[PDB]
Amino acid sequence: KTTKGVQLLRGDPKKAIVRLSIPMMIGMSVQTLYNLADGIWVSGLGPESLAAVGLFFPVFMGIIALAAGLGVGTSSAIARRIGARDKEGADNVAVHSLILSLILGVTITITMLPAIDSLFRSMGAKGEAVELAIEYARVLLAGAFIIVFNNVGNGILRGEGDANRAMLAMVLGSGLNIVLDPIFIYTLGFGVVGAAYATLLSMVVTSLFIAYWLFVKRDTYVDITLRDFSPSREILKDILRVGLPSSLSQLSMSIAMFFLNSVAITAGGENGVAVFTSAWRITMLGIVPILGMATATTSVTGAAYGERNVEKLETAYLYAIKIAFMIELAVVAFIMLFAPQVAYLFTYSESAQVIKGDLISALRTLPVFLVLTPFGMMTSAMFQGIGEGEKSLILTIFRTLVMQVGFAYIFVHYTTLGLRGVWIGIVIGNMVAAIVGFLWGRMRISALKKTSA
């Protein structure tokens, strides 16, 4: 009656952390490669097409944040039921979340469609860029329910230890999107709106395979039928308590990036942002693996929590920080050692602009934040795992909006540090947040020990 995923999920915590993290790293890497490739294809379309994507980008990220949020809340809730050997509960959560995906998906479409014109012109943007952005938006807003469905389906798979198929769904969608991208944009001559359709079709195909696994093969651990589903305010509250703050964390990180951009303006001007933009884009080499471990950390800590096994929860939590820290250590040492070569690609590539002198400096300072990220992110993943999303959000706000923005701001304004002060501030702010996160996580775990006793 038990699948390989569930065996893995409830087994040795260390094996579970590693083997559930790896597929997600691969899946997110392909997603990253798509994002990277699409940005290159769009940049060959001219200024108005680039602006159109820019107008819609925050809206798109808002949809993803909402979709991924519901997915994490789903994954966490299921993992805790499964850890508690409450299969009926796990089944009931799965059905609940799928219905919520439809509700949220349609809600996004109905709300955003009549509001995108006004929103896009609030930028002061006008002409073709706005009209292209509207046409681009209507394509993805139409498949809003597909986006949420795919994320929920992914959450269900992760939550029951099936990170393998969660990965496959991601590689399927993103992989097809990579292939379809230059075909729709250039070969078929659709232009920037072609990238919109390339994404949409890729998500539909992904949805078909997910729906096939969930409703036709029905070879998931959880049983998804319309008669184990007893409508539950409690389940709904459980999912939302992790889902909503998860989306709000994104917004928090979003607003923080905007503030850091303004700080970089004061520090080094318009090209100061260019150095900053290139800087954190590079660090994603390190962020991507940590994101993968966060998903596994959430499900493993959740499984241990439902099992009422605080020691196993503690072991998984601490082991995840340990492994992520070692992974980052290599990544950061690597980026530092080949900073002239990494900066080179971008900076040379556009021969007319040159900012390598500062990017190279930035690549010898900023990446250091990557070795302290695991402390905040595993703690956050663990909070999501035990179903306490508000704590995850509070930590994220403290790190991003208060510490990073605060330290970057102060160094630029009250010191000689200058543009380099932005990188120092972020690292120092991260250092303090890492300490707060780790102590809080361990504090929360140890309080559970007391409670179980």
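Residue numbers run from 1 along the displayed sequence.
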| field | Stretch exceeding the other in mean C-alpha B-factor - 407 to 415, 58 to 66 | value | 407 to 415
| query | Looking at the deposited entry, does 382 to 390 or 395 to 403 carry the larger mean Cα B-factor? | reply | 395 to 403
| request: Using the entry's values, work out which of 276, 215, 221, 190 has the largest Cα B factor. | output: 276
| request: Report the option among 374, 89, 127, 173 whose CA atom has the maximum B-factor in the deposited record. | output: 127
| message | For the chain shown, is the CA B-factor of residue 145 in the lowest, middle or highest third of its modelled residues? | response | middle
| message | Ranking the modelled residues of this chain by C-alpha B-factor as given in the entry, is residue 446 in the lowest, middle or highest third? | response | middle
| What third of its chain's C-alpha B-factors does residue 162 belong to: lowest, middle or highest? | lowest
| remark: The third of the chain into which the C-alpha temperature factor of residue 197 falls is the middle
| In terms of the chain's CA B-factor thirds, is residue 243 lowest, middle or highest? | lowest
